[PDB]
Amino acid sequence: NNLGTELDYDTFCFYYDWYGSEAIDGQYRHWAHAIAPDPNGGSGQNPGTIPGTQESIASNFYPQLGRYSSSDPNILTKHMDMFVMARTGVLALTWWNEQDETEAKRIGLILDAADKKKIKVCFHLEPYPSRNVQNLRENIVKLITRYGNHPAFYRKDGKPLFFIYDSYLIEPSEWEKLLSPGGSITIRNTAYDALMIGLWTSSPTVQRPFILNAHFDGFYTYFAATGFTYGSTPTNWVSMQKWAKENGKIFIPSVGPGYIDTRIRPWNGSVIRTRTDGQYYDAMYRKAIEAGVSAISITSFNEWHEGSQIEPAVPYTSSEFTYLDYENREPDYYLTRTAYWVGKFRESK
């Protein structure tokens, strides 16, 4: 078929499965959330928490689906249909090494639901406690062993792919042991080889040698807020792609529709980026496409805490809070606008 409605399998959308309901999970997990203290504020801070009631959830926006459980099969089915609408072929699943049965259950449900709609799943490996190259290898082995035969498990030209959040917290001399073909615990030329995509944060002076010396296969930028880092400043993307191509690396810029996290980080107003009826999203996605990259990542499907979500949101005013919403656009606008940009991306690919 050549209808311009097909999934794009070089488009990765960052997905969070940490939401709960009292009924399914025992608590409205993540809808309730601690308010972060000000890193530059007083020493006697009692910031408190967001209770995660119907009236007061840990987001500046409000989900169309309500305080949903990420364990709810019917929520998962709706999410996969939303992925189909957005034409986002790859769900990049947050992964925190929780080693508990409820997470294992969610991962299986997600894979199954994804496959029903021909969506693929890869893992976004987060900075879990004591993360290091040895337990990363062990966890990569576990994930590939457990899920590698699942039909929804993502592969690019035969290789799995992982995004590694805050990869800079691990020294290149450690990374090399895992990622150099010569490394003492290398995954290269093994059953566990994978495209490893590290987080490009700061200036080329620092990041270029880091990426080369760590032997990452590529890099992404994550942050939805333009200018938050050098990597998340879209005017740098042409130059970043040039370097990537010169050095055999895969550049996967992250684009987002906006940013606001002030419910959970009330001191962090400087990072707010307004959606302005979709123009912000358009500007950022346009920059990614114009940079001539082979793959794009979307921050995010449902990071509701950070207000970067493309998942449908609805207008809501409670006695506790007046939520932001999609303004002059319909709840599914960011899904359909994503499909539009996926089309433009494919057009120039």
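If you superpose the two forms and keep the largest set of C-alpha atoms that fall within 1.5 Å, you have the rigid core. Residue numbers here begin at 1 and follow the sequence given.
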Note to self: Using the rigid core for superposition, please say which stretch has the greater CA deviation in 9 other deposited structures of this protein, 22-30 or 296-304.
What the structure shows: 22-30
Next item on the list: Would you tell me which stretch averages the higher CA B-factor in the PDB entry, 25-33 or 65-73?
Entry: 25-33
Next item on the list: Could you check which stretch, 201-209 or 77-85, carries the larger mean CA temperature factor in the entry?
Entry: 201-209
Item checked: Among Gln309, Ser297, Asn40, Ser59 - the residue whose C-alpha B-factor is largest in the record -> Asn40
Next item on the list: Using the B-factors in the PDB entry, rank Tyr259's C-alpha atom against the chain and give the third, lowest, middle or highest.
Entry: lowest
Notebook entry, point to check: In terms of the CA temperature factor given in the entry, to which third of its chain does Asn247 belong: lowest, middle or highest?
Noted result: highest
Item checked: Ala313 - which third its CA temperature factor falls in, relative to the rest of the chain -> lowest
Margin query: Splitting the chain's C-alpha B-factors into thirds, which one does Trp267 fall into?
Written below: highest
Item checked: Chain-wide C-alpha B factor ranking for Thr276, given as lowest, middle or highest third -> middle
